Structures are given as C-alpha cells and as structure tokens.
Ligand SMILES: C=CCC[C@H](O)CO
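Take a look at this one chain, the form deposited without the named molecule, written out in structure tokens.
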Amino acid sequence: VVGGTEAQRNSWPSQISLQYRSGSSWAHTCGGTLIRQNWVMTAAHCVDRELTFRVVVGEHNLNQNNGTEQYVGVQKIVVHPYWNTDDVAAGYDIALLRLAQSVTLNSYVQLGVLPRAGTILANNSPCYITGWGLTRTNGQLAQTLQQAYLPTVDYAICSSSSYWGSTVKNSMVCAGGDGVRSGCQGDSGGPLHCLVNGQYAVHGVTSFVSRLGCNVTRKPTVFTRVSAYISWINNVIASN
C-alpha cells in the first residue's frame, strides 16, 4: 500500500497473508480475505505459479511474533473457470482456497462480510485498502499491515479515456487514483473494505495497478467486484 498508515491490530480481522515456500522460509506474495473458517478468497493471478502456499490469519507484523497468528496449509485451489493469465483486463481475477484445517475465530480472526449480489457502490464511496504490499513503486513490502483511504471511482469515470479506458470492465471496482495513495505489488488478492449501512463489507479483491507505477494520478487501483461473483462463490463452497 502506497501512502498508507499502520492499521490497528484488530481493525481488519478477515485480512490474511498468502505465502509461498521459498527455500527454508515462507515469503508473503498476496493478501486474501477469510470468508469461511476453511475458505479464503484471493486473486486468481496470485496462484498462477505452482508453488506451495500457506495462509496466515491473525497476522499483523510479517517479521515478528504477534502472539495471534494461525498458520494453515492450502488444500485445494479453485480459480474462476474463465480466468486467463494472459488477459487480466478481461477480469475474472478471483480464486477460492480451501484450507487444510478450520481456523479459530477470535478478535483477530473473523470472517469478511460479503456484499449482496449485484451491489454497485456510488461514486466516491468510502473504502479502505489493506495489505503488506510495497509501500512505494519498486519499493519494498511493509512489515506491518497498512491501510489507505481509497474512495471509489465509478465505472463511467474509470472507463473514460483519461482514466483506464477499455481496460476496466463493469465486473471491476476502481478506487483511489489521487497520485498519493494506492494498492501496489503484494496487496493483490487482498480486500477493499467499504462502509455500507454502518458495516464494512469486502467489495473488491485487489487485482492490478498501472505498469507505470502504483500511485499514478487517474490510474486508480482496480479490484475484482466481489458482488459480481456471489453465485459462483456460493456454488464452489457448497460442493467442496
């Protein structure tokens, strides 16, 4: 997250860190949202590589013991049938990970609330992006969970010429674009939390930023629109 502030430990308890086995250690590669005690929602592009993945819930500082972490293996990966690695602009950048065990919920580990199917946010809706991604374009990962206030940019504005044009689809949410705050590499797969009727719900899965940089004016961070995939999410969990 570029232009973020450090999150309080208990603010975003559905946030997970998706990590892959790297030599003798584990390395953070993406965020995700815990949606059931044994299911995580993330971006399909985070699991394109055939790596050994694990999920950490109750995580705050990647590099220090917090006393709250639970570590669990990924047993099954279900990417969207229509995801195409060579075409992120087509959308469908979403995957569901079934965990090897059910995690224990507490004030640090909670399920993410999903929006009702088809819900579209009004322009400039209040949302926050969270993650341990790069804190500068071509920088390094954050140690502690960052958050940035990223208001939505509705589809009509975001698909105009001066913003993303034809690259953004109506199956996506745009947020930010002020040149100062944004998602960045390593935030991919994570939540966009938006306040709706007094409750935060996860309306986006972080998908992509500009090839030119993370925080680029009029190139808002682009998210998979979760409310476009509620039937698919529920059909996958009910059979696995």
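A residue's number is simply how far along the shown sequence it sits, counting from 1.
Keep in mind that the form solved in complex with the named molecule is not shown, yet the notes after this line are about it.
Picking from 57 to 65, 33 to 41, 173 to 181, 192 to 200 the stretch near the named molecule in the bound PDB entry, with a 4.5 Å limit on heavy atoms, gives 57 to 65. Within 4.5 Å of some heavy atom of the named molecule in the bound PDB entry lies at least one heavy atom of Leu141.
Of all the residues from 19 to 45, those having a non-hydrogen atom no more than 4.5 Å from the named molecule in the bound PDB entry are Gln19, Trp26, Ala27, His28.
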